[PDB]
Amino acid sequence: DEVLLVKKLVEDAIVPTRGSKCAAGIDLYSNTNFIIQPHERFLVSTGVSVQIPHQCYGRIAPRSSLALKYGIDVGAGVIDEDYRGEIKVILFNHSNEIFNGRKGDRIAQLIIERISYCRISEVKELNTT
């Protein structure tokens, strides 16, 4: 059993949703209206915090439609399993047009990626490949 726990930080926050049965990504919603000028960026608040399942992290990924239509990209950051702050998404507007975001819009996806917490060891030489 694995569960992503979600806390609403404000009453009208939208709990992230999985869009299809085997959607890799969980949709993240903006809690505010916002404007991104051409070739600038904006830090978008989702209104939620999360507790990621053990030995995973949450990767922020772009929505394809916003990339295609509007030139929006998202930093591929990292929501750690121990992070308890609000999820906030940095959107880069790589177009020549102002981007208008609305409260309640889907603006990114969170993917629950399996990772290794391997220890790190310094050595004088690596093996050959």
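Heads up: residue numbers just count along the shown sequence, starting at 1.
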Stretch exceeding the other in mean C-alpha B-factor - 40 to 48, 78 to 86: 78 to 86
Quick one: say whether 14 to 22 or 106 to 114 has the higher mean Cα B-factor in the deposited entry. 14 to 22
Once the chain's modelled residues are ordered by C-alpha B factor and cut into thirds, is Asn96 in the lowest, middle or highest one? lowest
For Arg59, the third of its chain by CA B-factor is the lowest
